[PDB]
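Enquirer: Let me give you the structure first, and then I'll get to my questions.
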Ligand code: CLA
Ligand code: CLA
Ligand code: CLA
Ligand code: CLA
Ligand SMILES: C=Cc1c(C)c2cc3nc(c4c5[nH]c(cc6nc(cc1[nH]2)C(C)=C6CC)c(C)c5C(=O)[C@@H]4C(=O)OC)[C@@H](CCC(=O)OC/C=C(\C)CCC[C@H](C)CCC[C@H](C)CCCC(C)C)[C@@H]3C
Ligand SMILES: CCCCCCCCCCCCCCCC(=O)OC[C@H](COP(=O)(O)OC[C@@H](O)CO)OC(=O)CCCCCCCCCCCCCCC
Ligand SMILES: CC1=C(/C=C/C(C)=C/C=C/C(C)=C/C=C/C=C(C)/C=C/C=C(C)/C=C/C2=C(C)CCCC2(C)C)C(C)(C)CCC1
Ligand SMILES: CC1=C(/C=C/C(C)=C/C=C/C(C)=C/C=C/C=C(C)/C=C/C=C(C)/C=C/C2=C(C)CCCC2(C)C)C(C)(C)CCC1
C-alpha cells in the first residue's frame, strides 16, 4: 500500500499541478515573446519635424547688442 | 626580496601539505 | 624580447589621453556610417540629445523675435530631464549641473519678460553647449542629424 | 582506518551529510566568485576603455558579469568609460556582495543539514532503510533546470523583462548590452549569431520541462534499471562527470574559436583573426575605399579608429604567451598609451616595401621588407653578420600616416631598423612600461587561460569518469562480495 | 616514365609467396589456438 | 635569495631520503 | 545533536605514506621553483 | 507486493545477440567488437594504403610512398594542407566533393586514419572492460590504457585543434614523427617543459621498475626442480609464490636502503608510474596546443641581453632553437611562402 | 537494527516531500520504453552532427554565413 | 535551398544508417541461426 499511496499522490499532484504550472508559465512567456517580437522591435520617442533653423544663425542674431 | 608572490607560493606549497601530512601521521600514531 | 626604446613622449601621449578618447568617437561613428552598419550603442543615447538640441534651437529662433511667450512652455516638456541624465552619463554631475542651471536660468528669464537678459543668457547657454559638445567629442554628430 | 583518498566516501550512504557537503562546496564556489569580483574591482583601472580594456588587465570574472548586463559600478565609473549616476542595486560590487551573502547562508544551511542528518524523508516506507529514488529526483531536477533555462531564454536574453546580453559589431568597435530577438530559421545555428542563443534557451527549455514530466511519470525498465545500476549513487556520478566533461570541451572550443557568447571586446581577439588578417584586411579595405573616394593618404589613414588598429597587433594574440608568464597582458609589454600610426617603408628607388608579419608560431622572426611581388628587398642581418641587403645599404625610409606621428618621416638607419622590428608585430603602438615594471615578454589573454584550464579539467574528468564507471560496473568485485 | 621491366618473375615469385604463406599462416595459428581450446574447454568464465 | 631557496629544497629532499632510509617503520609485515 | 552517525571512520596514514607525501611535495617544489621564480 | 529477481522475463532479440557475441571462440567479439574490429581494421588498412600508393606532393611538397621510392622509415601518411584548416575531410565533403582520387591527394587519408583509430582505441578500452566483467576481475588494465589514449587524444587531436589546422598534427610515419619531435624542440622548447620532464621521469622509472622486478624475481627463485633450468620447475596451479619475497626485500634494503614488502603495492606502483607520467605529458601538450610554452626564464634573458659576457646552457639552447626554427621554416611550412636570404639566416659565427 | 536504528526525525517539509522519495526501486516489466530512448538518441546524434558540421564548415547552408561578419545583420 | 553539401550530408546519414542496419542484420541472422 505504500506504493498505492505514492501512486495516488503522484498521479494527482505531479500529474495535474505540474502540468498546469508548466503550461501557464510557457504560454505566458511565449505569448509575451511573440507579442514583443511582432509588435515592438525599435524604440520610438519624440515626434514632429524640424529643420528650418539651426543654432548657428540664431546665435549670430543676438551678439551685436 | 625578489618575487614576493613566488616566495609566498613556494612557502605555502611546502607548508600546507607538510603540515597536513604531519598532522594526519600524529593523529593516526596515537592509535 | 622587445627592448625598451619608446623615448619619452609616452608622457605626452598619456597626459592628454582623455582628449584623444573624446575625439575618437567621431572617427568611430564615421567608420560605422561608411561601413553601412548600425552602432546601436552610442546612437541610442544620442537621439535624446539630438531632439534636445533641435528643440532648443527652435526655442531660440522663435524667442529672438519675441513673438511668442510659449518658449518657457515648450522648454520644460519633460525633455530637459532626459538631456540632463544623458549628459551626466557622458560627463557626470559637473558639466550636467552647469547645463541644467543654464537652461533653467534662460527659461526663467524668458518667462519673466523676454528681455535682453534672457537673450544674453540664451547666447551664453548656446556657447556653453557648443563648448561641451566639442569637449565630449560628439560635436561632429549633433548637427545635421 | 580509511586511506586519505577514500575519506569522503563516509558520505556515500546518508543523504543528509551528502547534502551538507554539497552545500559547503556551493558556498565555497560562490564565495570565490564574490572574492574575485571584489579583487578585480579593486585592481581594475577604468580610465581608458579603448587601449586598456578588461582583457588587457587580466580580468577574469568581470567579462562574465558584463556579458549578461552588469555595466555600472558604485565607484561612479562604467565599463564604457562613461560615468554612472544611479548604479542601482545590481552593480559589480552588489553582485559580489550578493554572492558572499549567499555563500554564508549556504554555509549555515550546510552546518544545519550536517547536524540533523537523520531525517524521515530519506527512509522509504517499505524496508525502512535509507534510499534515494534517483529517477524521480532526476525528473524533478530536470524539470526545474528546463524551467530556469526557458526563463533565461525568454525573459533575460530576449529583453522582455531582463536587460539582454552583450552584442557587438563584427570588428568589436562598438558593443553593448541589448535585447536579442530570437532567430528560428537556419541562421540560428551559426554561433556568431546572438539570436541563436535566445531561441535555444527557449526550445531546449521547453523540452526540458516535457522531459522532466516524462521522468516524473514513467519508471525505468527493469533491464535498464539493472544494466546501468540505477539503484547506486555512483552511476549518476559517472554520468554527471561525463556530462561536465563534454560541456568543458564545448565551452573551451567556443572560447578559443569565438562565438556570440565570447565577444572579442570582453575576452579579446582570437588567434585565427591574426592568422587570417581579419582586422588587417578590414583596415586595408577602408583605406583603399577612402583613397578611391579621393583623399590624402594621411587623411585616409587618420579615419581608422585606434581600437581597430589595436586589434591588429600580435601582442593581443592569445597564442603569444607563456605557461609561467604570469599576470595581465599589461605586465608583459606595458600599458598602451597611443597609436603611432601606419608605417610605410620606401626604398631609394621609390617602390613601397611591406614588412613580413610575424607568424604565431615564431617566438622570434627575422625582419624582411619585401615589395608587392613577394620578393625580399631589405632586412637586418642576424647579428653583426655580413650584409648584402641591409637598411643602411638599400637606404629604406619610414613614413608615418595617422596616429601621433602623423606626417613625420625618418631616414637614419637606426630608427628605420627599430620601427621595422616594431612593425613585424603588426600595427605600431606606444607603451608605458615604467608603471607596472613590465619585463617585455608577451602574456596570454583571458581566452588562453580559460581554454587551457578547462581543457585540462576536461581530460582529468575523463579519467574520473572512467574510474567511477569502472567502480560502478564492478561494484561486487571491488567489494569482494556476491 | 615508370613501368615494370620484368616479365615472368611475377609468377615465379607468386608461386613461392603462396606456398610459403599457406604454411606460415596455418602453423603459428595452430600453436596459439590449441591452448585456447585447452583454456576455454572446461574452465572458463 | 633564489639560491637559498633552491639549497633549502635540495637539503630537505636529502633529509627526507635519509630519514626514509634509516628511520623507516620496521618491515615485520612479511619477513 | 540528533543522533551519533554510524558512518564515522578515521583517516589513517602510516609512516611510508608520510614519507611518500613529503618526498612528492618537496620534489615538485624543486621542479617548479625555478619556473615560479622565473 | 510483487517482487522480482534478475532475468525472470521472456527472452528478446537482445538476449540472442548478446549470447552470440559473448561466446568462447579464438577471438572474443563482444559488443565492443562492433566498434573496434571495423574501425581499427580500416585504420591499419588506411595507413598501409597511405604508405604504399598515395603521395603528399600537393599537401607538403614531399614524396612519401613506396610507389615514389621511399623506405619504411621515410614513408608516411602526411597531414592535409593548412588551407583545409580543421575540415574533417569527409569523402563527400565540400573539399573532396566525392572524388576519391582528389580526396587522397588533398590528404583526407590522414583524417580517415586518425578518426577511425580514435574510435578503435575507444572500442579497445570498452573491450578490456567487457573482458574484465566477463571474467570477474577488476579492470585496472582499462586505466593503464586510459593513459595512452589520453596521450593520443592530446597529441593527435587537441594540439592541431588549438593550432591553425591539421597540418601541424603528427604525420603517421617514422621520419614524420622525428620531424614532429624536432619541430617541438625548435618552436616550443618542449624539453624545458616541466610536464615532459615528469613524463620522462615516469617512463624511465617504469623501465627501471620492469628491469629490477624481473631480475629480482628471476634471482630469488625457490629451488623446486632438479634440472639446471628453472623455467620447467613451475606450473600455473602452484600454491605458494615462486620467489622469496623475504630475500628480495632484505637484498634491496641492504643495497639501496628501501625495499618493497607488499606484492600488491609493488605491482600497483608499477602500474602507477607510467600512467602518471603519460598523463602529465598529455597535460603539457594540451598547454602547448595554445602556445602556452615554458620558454622564457625572463631573468636569464634579461641578464644575457644586458652583458654579452654571460652564457649558460639555457642561452645556448635558445640559440639552437633559433637556428632550428630559421632553417626549418622554409620547407616545413610551405604555406607561409618564406624566402630567408642567407644574410638573415642565424649562424654561430655571427654571434 | 530495528527500522534502521529507530525512526528518523520528522519535520513538516519532510512529510510534505515524503511522497517524492517513497517509491524507490519501482520498475516496469520488460524493456519498457527503451526503443523511444534509442530513437531520441539517434535524433540527437544527427542534430549534434548537423551543428558540428555547420560550425566546422563541412556543411554550408545558404542562410548561415559562419564568420564574424554575421554579427552585422 | 538544398545546397550540394547538405545533399551529401544527408546521403552520408543514409549510408551510415545502412551500415548500422547491415551490422544489426548480420548479428540477428547469425544469432538466430545458432540459437
Ligand atoms: C581556470 C580558472 C582560472 C583562470 C582561467 C584564471 C585566469 C587568470 N587569473 Mg585567476 N584565479 C583562479 C582561477 C582562474 N584564474 C582561482 C581559483 C583563484 C583563487 C586562488 C584565482 C586568483 C587569481 C588572482 C589573485 C589573480 C589571478 C590572475 C589571473 C590572470 C593571470 C594568469 C594566471 O592565473 O596566472 C598564471 C597561471 C599559472 C602560473 C598557473 C600555472 C598552472 C600549473 C599547471 C599549475 C601547476 C602547480 C604545481 C603542481 C605546483 C607548483 C608548486 C610551486 C608553486 C612551488 C588570468 C586572467 C591575476 C590577474 O592578472 O588578475 C588581475 C591575479 O592577480 N587569479
Ligand atoms: C563531481 C566530481 C567528483 C566527485 C563528487 C568525486 C567523489 C569521489 N571520488 Mg572521484 N574523481 C573526480 C571527480 C569527482 N570525485 C575526478 C575529476 C577525478 C580524476 C582525477 C577523480 C578520481 C578519483 C579517484 C582516482 C578516486 C576518487 C574517489 C572518490 C571518492 C573519495 C574522494 C577522495 O578522493 O578522497 C578525498 C581526497 C582528498 C582529501 C585529497 C585532495 C587533494 C587533491 C588531490 C589536491 C587538492 C585539490 C584542490 C584543493 C581543489 C581542486 C579543485 C578542482 C577540482 C577545480 C568520492 C566518492 C576515490 C574512491 O572512493 O575510490 C576508491 C578514488 O580512489 N575519485
Ligand atoms: C562502427 C564502425 C564505424 C565507425 C564508428 C565509423 C566512424 C566514422 N567513419 Mg567509417 N566506415 C565504416 C564503419 C565505421 N565508421 C565502414 C564499415 C565503412 C565502409 C563502408 C566506412 C567507410 C568510411 C569512409 C569512406 C569515411 C568514413 C568516415 C567516418 C567518420 C565520419 C562519420 C560520419 O559522418 O558518418 C555518418 C554518421 C552517422 C550517419 C551517424 C548515425 C545517425 C543516424 C543515421 C541518425 C538517423 C536518424 C534520422 C533518420 C535522421 C534524421 C535527419 C534527416 C534524415 C531528416 C567517423 C570517424 C569518413 C571520415 O570522416 O573520414 C575522414 C569517411 O570519409 N568511414
Ligand atoms: C630521455 C629521453 C626521452 C624520454 C624518455 C621521453 C619520453 C616521452 N616523450 Mg619525449 N622528447 C624528448 C626526450 C624524451 N622523451 C626530447 C629531447 C624531445 C624534443 C623536444 C622530445 C619530444 C617529445 C614530443 C614532441 C612528444 C614526446 C612524448 C613523450 C612521451 C611519450 C608517450 C608515448 O608512449 O607516446 C606514444 C604512445 C601513444 C601515442 C599511444 C598510442 C598507442 C596506440 C594505441 C597503439 C596503436 C596500435 C599499433 C598499430 C600496434 C603496433 C605495435 C607495434 C609497434 C609493435 C614520453 C613521456 C609525447 C607525449 O606523450 O606527449 C603527450 C610527445 O608528443 N616527447
Ligand atoms: C610507442 C608507443 C606505444 C605503442 C606503439 C603501444 C602499442 C600497444 N599497446 C597496447 C596495449 C597497451 N599499452 C599500455 C600501456 C602503455 N603503452 C605505451 C606505449 C605504447 N603502446 C606506454 C608508454 C604505456 C604506459 C601507460 C597498456 C596498459 C596496454 C594494453 O592493455 C594494450 C595491450 O593489450 O597490449 C598488449 C596495444 C594496443 C592495441 C591497439 O591499438 O588496439 C587496437 C586499436 C587499434 C589498432 C587502433 C589504432 C590505430 C592508430 C591510432 C592509427 C595509426 C596506426 C599506424 C600503424 C601508425 C603507424 C605510425 C608510424 C610512426 C609507425 C598495442 C600493442
Ligand atoms: C551505402 C554505402 C555502401 C558502401 C559504399 C562503398 C563504400 C566504400 C567507399 C570507398 C570510397 C569510394 C568513394 C565513395 C564516396 C562517394 O562516392 O560519395 C558520393 C556521394 C554522392 O556525391 P555526388 O558525387 O552526387 O556529389 C557530386 C556533387 O554534387 C558534389 O557537390 O556522397 C554520398 O552520398 C555519401 C556516400 C558515402 C559512402 C561511404 C559509406 C560510408 C559512410 C560512413 C559510415 C558511417 C557509419 C557510422 C556508424 C555509427
Ligand atoms: C557567514 C555569513 C557571513 C559572511 C560570510 C563570508 C564573508 C564568507 C566569505 C567566504 C570566502 C571569502 C570564501 C572564499 C573561498 C575561496 C576558495 C574556495 C578558493 C579556492 C581556490 C582554489 C580551489 C584554487 C585552486 C587552484 C589554484 C590555487 C590555482 C590554479 C590551480 C588550482 C585550480 C588547483 C555574514 C557575516 C555576512 C552573514 C551571515 C553569513
Ligand atoms: C582502400 C580504402 C579502404 C580500405 C582499405 C583497407 C581495409 C586496406 C587494408 C590493407 C591491408 C590489410 C594491407 C596489408 C598490407 C601488408 C603488408 C604491406 C605487409 C608487409 C610485410 C612485410 C613487408 C614483411 C617483411 C618481412 C617479414 C616480416 C618476413 C621476412 C622478413 C621481412 C622483414 C622482409 C576503404 C574503402 C575502407 C576507405 C578508403 C581507403
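Readers should treat all values here as calculations from the given coordinates under stated rules, not as data from a laboratory. Methodologically, a virtual Cβ is constructed for each residue, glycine included, from the backbone with ideal geometry; neighbour enumeration extends over all protein chains shown.
Enquirer: Test of understanding: express the Cα radius of gyration of the stretch H:80-139 as a ratio to 2.2 N^0.38 Å, with N the residue count. Spell out each step's value before the answer.
Expert: Working: Rg = 17.2 Å, N = 60, 2.2 N^0.38 = 10.4 Å.
Working it through for the stretch H:80-139, the quotient is 1.65.
Enquirer: Please state, to two decimals, what the Cα-based radius of gyration of the stretch H:186-238 comes to when divided by 2.2 N^0.38 Å (N = residues). Working shown, then result.
Expert: On the way: Rg = 19.8 Å, N = 53, 2.2 N^0.38 = 9.9 Å.
That works out to 1.99 for the stretch H:186-238.
Enquirer: With a 10 Å cut-off between alpha carbons and a GNM built on chain H, which of H:235, H:291, H:317 moves the most?
Expert: It is H:235.
Enquirer: Just from the alpha-carbon atoms, what are the Rg and Dmax of chain A in angstroms?
Expert: Over chain A's Cα set, Rg and Dmax evaluate to 31.3, 101 Å.
Enquirer: At 1.306 mPa s and 10 °C, plugging the Kirkwood radius over alpha-carbon pairs of the stretch H:203-351 into Stokes-Einstein gives what diffusion coefficient in µm²/s?
Expert: Details: Rh = 21.5 Å.
Taking Rh from Cα pairs, D becomes 74 µm²/s.
Enquirer: Could you tell me the calculated FRET efficiency between residue C:77 and residue G:34, based on Cβ-Cβ distance and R0 = 51 angstrom, to the nearest 0.05?
Expert: Values: r = 72 Å, r/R0 = 1.40.
Approximately 0.10, to the nearest 0.05.
Enquirer: Go through D:206-217, D:332-343 and give me the packing order, highest mean Cβ count within 10 Å leading.
Expert: Values: D:206-217: 18.2, D:332-343: 24.2.
Descending packing order for the listed peptides: D:332-343, D:206-217.
Enquirer: So, one more: Shielding by partners for H:129-138, please: the mean number of other protein chain Cβ atoms within 10 Å of each residue's Cβ. Please report the intermediate quantities before stating the final value.
Expert: Working: counts 5, 1, 0, 4, 4, 2, 3, 4, 2, 5.
Mean partner shielding for this stretch: 3.
Enquirer: Helix D:413-423: angle to the longest alpha-carbon principal axis of chain D, degrees 0 to 90, nearest 10?
Expert: Value to nearest ten degrees: 30.
Enquirer: When the Cα atoms of chain C are enclosed in a convex hull and the volume is divided per residue, what value in Å³ results? Let's see the in-between values first.
Expert: Details: hull volume 21.5 nm³, N = 145.
In chain C, the Cα hull volume divided by residue count equals 148 Å³.
Enquirer: Let me ask you something else. For the Cα atoms of chain D, what angle does the longest principal axis make with the long axis of helix D:15-43, in degrees from 0 to 90, nearest 10?
Expert: Value to nearest ten degrees: 20.
Enquirer: Test of understanding: express the Cα radius of gyration of the stretch C:1-57 as a ratio to 2.2 N^0.38 Å, with N the residue count. Don't jump to the answer; show the numbers that get you there.
Expert: Values: Rg = 17.8 Å, N = 57, 2.2 N^0.38 = 10.2 Å.
So the Cα radius of gyration is 1.74 times the expected 2.2 N^0.38 Å.
Enquirer: Over the stretch H:1-147, what number does the Rg to Rh ratio reach, with both radii from the alpha-carbon atoms and Rh per Kirkwood? Before the final figure, lay out the partial values.
Expert: On the way: Rg = 21.3 Å, Rh = 18.3 Å.
Checking Rg against Rh, the ratio lands at 1.16.
Enquirer: Take residue H:174, project a point 7 Å from its Cα along the Cβ direction, then tell me which residues of the stretch H:31-75 have their backbone nitrogen under 12 Å from it.
Expert: H:71-75, by backbone N distance to the label point.
Enquirer: Would you mind computing, in nm to one decimal, how far apart the modelled labels at residue B:8 and residue D:111 are, each placed 7 Å from Cα along Cα→Cβ?
Expert: In this crude label model, residue B:8 to residue D:111 measures out at 2.8 nm.
Enquirer: For peptide D:356-365, what's the mean number of Cβ atoms from other chains within 10 Å of each residue's Cβ? All intermediate terms of the calculation are to be shown ahead of the outcome.
Expert: Numbers: counts 5, 0, 0, 6, 3, 12, 9, 13, 7, 4.
Shielding by partners across D:356-365 averages 6.
Enquirer: Convex hull volume of the Cα atoms in chain D, per residue, in Å³?
Expert: 229 Å³
Enquirer: For the stretch H:89-186, what log10 I(q)/I(0) values come out of the Debye formula at q = 0.11, 0.15, 0.23 1/Å, with one point per alpha carbon and no solvent?
Expert: Log-scaled intensity ratios, in q order: -0.46, -0.75, -1.17.
Enquirer: Sticking with this structure for a sec: For the stretch D:104-172, compute Rg over Rh where Rg is the Cα radius of gyration and Rh is the Kirkwood radius from the inverse mean 1/r over Cα pairs. Working shown, then result.
Expert: Details: Rg = 20.4 Å, Rh = 16.4 Å.
The Rg/Rh ratio comes out at 1.25.
Enquirer: Could you give the length gained on full extension between residue H:19 and residue H:349, defined as 0.36 nm per residue of separation minus the Cα-Cα distance, in nm? Walk me through the numbers on the way to the answer.
Expert: On the way: separation 330, 0.36 × 330 = 118.80 nm, distance 7.36 nm.
Difference between extended and current length: 111.4 nm.
Enquirer: Who wins for biggest fluctuation among H:246, H:275, H:200 in a Gaussian network model of chain H, springs between alpha carbons below 10 Å?
Expert: H:246
Enquirer: Sticking with this one: Per 10 Å bin, what is the whole-percent P(r) computed from every C-alpha pair distance within the stretch D:357-482?
Expert: The calculated distribution, bin by bin, is 9, 24, 23, 13, 9, 8, 7, 5, 1.
Enquirer: Mean-square fluctuation check for chain H, GNM, Cα pairs under 10 Å: which of H:267, H:86, H:196 is largest?
Expert: With Cα springs under 10 Å in chain H, the top fluctuation among H:267, H:86, H:196 is at H:267.
Enquirer: Over the protein assembly as shown, what number does the Rg to Rh ratio reach, with both radii from the alpha-carbon atoms and Rh per Kirkwood? Spell out each step's value before the answer.
Expert: Working: Rg = 36.6 Å, Rh = 36.9 Å.
Using Cα coordinates only, the ratio equals 0.99.
Enquirer: Could I have the simple spin-label model distance between residue D:145 and residue J:13, label points 7 Å from Cα toward Cβ, reported in nm to one decimal?
Expert: 2.6 nm
Enquirer: Still on this structure, I have one more. Using the eigenvalues of the Cα gyration tensor, what equivalent ellipsoid semi-axes result for the stretch D:1-78 when each is taken as the square root of five times the eigenvalue, whole Å, largest first? List each step's numbers first, then the result.
Expert: Details: eigenvalues 324, 37, 18 Å².
The answer is 40, 14, 9 Å, longest axis first.
Enquirer: Cα axis of helix H:245-255 to longest principal axis of chain H: angle in degrees, 0 to 90, nearest 10?
Expert: 40 degrees
Enquirer: Going by average Cβ neighbours within 10 Å, how do the peptides C:14-24, H:114-124 rank, with the highest at the top?
Expert: Numbers: C:14-24: 14.7, H:114-124: 19.4.
Per-residue mean Cβ counts within 10 Å order the peptides as H:114-124, C:14-24.
Enquirer: Just tell me how shielded H:75-81 is by partners: mean number of partner chain Cβ atoms within 10 Å of each residue's Cβ, no decimals. Don't jump to the answer; show the numbers that get you there.
Expert: Values: counts 0, 0, 0, 0, 0, 0, 0.
Mean inter-chain Cβ contacts per residue within 10 Å come to 0.
Enquirer: For a Förster distance of 30 Å, can you work out the FRET efficiency between the beta-carbons of residue D:388 and residue D:412, rounded to the nearest 0.05?
Expert: Numbers: r = 21 Å, r/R0 = 0.69.
So the FRET efficiency works out to roughly 0.90.
Enquirer: Continuing with this model, one more query. Tell me, rounded to the nearest percent, the portion of alpha carbon pairs in the stretch H:4-351 spaced more than 32 Å apart.
Expert: Values: 31596 of 60378 pairs.
Every Cα pair in the stretch H:4-351 considered, those over 32 Å come to 52 percent.
Enquirer: Let me ask you something else. Based on other C-beta atoms within 10 Å, arrange D:123, H:179, H:25 from fewest to most.
Expert: Details: D:123 23, H:179 18, H:25 9.
In increasing order of surrounding Cβ atoms, one gets H:25, H:179, D:123.
Enquirer: One-quarter of the Cα convex hull surface for chain I, in nm²? Please list the in-between numbers first.
Expert: Working: hull surface 48.4 nm².
If you wrap the Cα atoms of chain I in a convex hull and average its projections, you get 12.1 nm².
Enquirer: If you don't mind, there's one more thing I want to ask. Take peptides C:67-80, D:454-467, D:311-324 and line them up by average Cβ neighbours within 10 Å, highest first, as a rough protection proxy.
Expert: Numbers: C:67-80: 14.1, D:454-467: 19.2, D:311-324: 23.9.
Sorting C:67-80, D:454-467, D:311-324 by mean packing, highest first, produces D:311-324, D:454-467, C:67-80.
Enquirer: Measuring from centroid to centroid over Cα atoms, what is the spacing of the stretch I:30-73 and the stretch H:63-116 in Å?
Expert: If you average the Cα positions of each part, the centres end up 26 Å apart.
Enquirer: Round to a whole angstrom and tell me the spacing of the C-alpha centers of the stretch C:67-145 and the stretch H:228-248.
Expert: 103 Å
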